[PDB]
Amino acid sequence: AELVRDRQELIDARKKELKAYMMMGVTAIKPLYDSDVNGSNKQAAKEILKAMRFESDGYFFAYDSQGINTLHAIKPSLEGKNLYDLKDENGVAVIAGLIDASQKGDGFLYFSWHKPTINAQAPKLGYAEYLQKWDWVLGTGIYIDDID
């Protein structure tokens, strides 16, 4: 019960951090987002979000409501690909799950994904917010393999 409690404390602290990091990304592009005329500023906002880090493994991605990648800080070759049907190694439908979490739920989803610092899959806790003007589900995450 105690070791379980300590783990949940660590998770909850990380969820609070995730909301802060997301706020930083959303506010960093706010001048562009607010002044946008039919997508004129999307390219500029992409360049800012893809540069941002809160640690080596701490980066942004975004997908539209159809599951098409609109930006990826780590693997920009994903941009323009439809990943709606993508499943992780445990059968989690990651992209569909993030779209739904951000729109209909609390923004959070557990799944496995490439982890930059080891170039291999690892368990992650993702957090996404929906930016309706651009139809972007904008997300980031923390890796939980240290806990787990």
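Numbering starts at 1 and follows the sequence shown.
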| item | value |
| --- | --- |
| Stretch exceeding the other in mean C-alpha B-factor - 30-38, 109-117 | 30-38 |
| Ranked C-alpha temperature factor of residue 96 among modelled chain residues, by third | middle |
| B-factor third for the C-alpha atom of residue 86 within its chain | highest |
| Chain thirds of CA B-factor: placement of residue 65 | middle |
| Chain-relative CA temperature factor third for residue 122 | lowest |
| Modelled-residue ranking by C-alpha temperature factor, third containing residue 137 | middle |
